[PDB]
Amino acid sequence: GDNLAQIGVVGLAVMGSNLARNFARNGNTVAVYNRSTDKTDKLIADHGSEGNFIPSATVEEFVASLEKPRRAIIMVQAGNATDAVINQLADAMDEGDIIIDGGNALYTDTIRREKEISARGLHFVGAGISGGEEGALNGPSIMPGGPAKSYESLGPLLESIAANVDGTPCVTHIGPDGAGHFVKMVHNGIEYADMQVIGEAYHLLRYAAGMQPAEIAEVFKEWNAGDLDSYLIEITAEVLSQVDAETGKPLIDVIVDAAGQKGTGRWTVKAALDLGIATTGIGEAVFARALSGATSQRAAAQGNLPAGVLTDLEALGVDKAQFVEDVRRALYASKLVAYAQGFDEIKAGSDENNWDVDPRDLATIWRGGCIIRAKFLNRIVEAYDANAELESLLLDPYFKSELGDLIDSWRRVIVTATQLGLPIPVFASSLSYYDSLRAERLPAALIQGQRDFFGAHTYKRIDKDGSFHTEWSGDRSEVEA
């Protein structure tokens, strides 16, 4: 009846609350539960006007106040807190019901949980939810994984709260089991890289070009008009514009430059290492966060490492404005490299786990409700639309056409930065990855040689299939392995 809810949310911290309210604000009847009932009461009291909520003090009431097939969404801390609730819902649920973790869960746990829960006759969906607390309230990006029959009852509910971009719901069936939580973690990694490339551009503009932060804010606003158009560059301009009331100096000059990597960024570069994917952009970005928090080591390194002979833009004879454009092109290229790696990681996760994930879906639903939202994503959708089996976003004709006009600026940026001794982790590592991909012969041939010498590790040959070994200690003849 109308006394039954279409969806329910277990765990009413700010995030679980915001998501329940979002379901209620878009005309869904929503059941809400929390072990400590005090939280439930505070939702009803302070936000009950936003729509039609059905509160329960027990798990068995919650499950009884839900229409069928029963959709419940868990929004408690990741790990053991989560498994607790999952077991409680299955004890109480009937066969054919759908259980959903919407918390930030390692995708390996999601596969374990999906096997066990499906075996118990139920249905398990792991659902990535970006946008933090704001997105959860006003429109997130939803990335759900589980049985495709479950998105049939779940899909239209999520399409009602999801961020909308040009009439299209920023949510779609990702693939089976852990695909959703996997793609959310890749998206958290591709954000560290986005924040890092912007940082690098800012650093080169402040210390090579001698631009104050208010003036750099203006340059980002103008770049936000072009191809780089993104929510992150938009807000970066707001931050650099800010002034500290107390001191009168730019707010950024009064913030301790120490940013922990205590987040998801490190899980992305780990699966990359496990799937054998060169994610140098996200890696360098995660590493750069670690280095910033080395307070004792930075204090001791300060002014104590030799710089070498350094020049400036004036002595090089470099026009400020030409250099600003060059940094913009270096930024763009480095973002492309980061994304090409991230989408490689997606394709490798998908093959390893037989997921059949469509990169087009991710590029489409990441246009709203998350921090990486940018017009840029549309060209990734188009690229895969033109060639499902594109071996790299770099090889898409549009992007390959762009690289043609980026490359010289990119090279000039790494050269100039070295000549002024300025930190450029992603810009420089992206160009090395680029020049690596385009090379006919890499120094791995010699690594194979070293390994065969010290460990009889074997090497393959260009002209003949199978493994081979040189009798290094012996006659230096070559034999089959």
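Note that residue numbering begins at 1 and tracks the sequence as displayed.
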Q) Where do the C-alpha atoms have the higher mean temperature factor in this entry, in 426 to 434 or in 51 to 59? A) 51 to 59
Q) Looking only at CA atoms, which has the higher mean B factor in the entry: 284 to 292 or 251 to 259? A) 251 to 259
Q.
Highest recorded C-alpha temperature factor, please, choosing from 396, 361, 229, 246.
A. 246
Q.
Take the CA temperature factors straight from the PDB entry and tell me which of 408, 274, 402, 95 peaks.
A. 95
**Q.** Among modelled residues of the same chain, the CA temperature factor third for residue 418
**A.** lowest
Q. In terms of the CA temperature factor given in the entry, to which third of its chain does residue 79 belong: lowest, middle or highest?
A. highest
Q: Rank-wise, by C-alpha B-factor, drop residue 269 into the lowest, middle or highest third of its chain.
A: middle
Q | residue 65 - which third its CA temperature factor falls in, relative to the rest of the chain | A | highest
Q.
Split into thirds by Cα B-factor across the chain's modelled residues, where does residue 16 land: lowest, middle or highest?
A. lowest
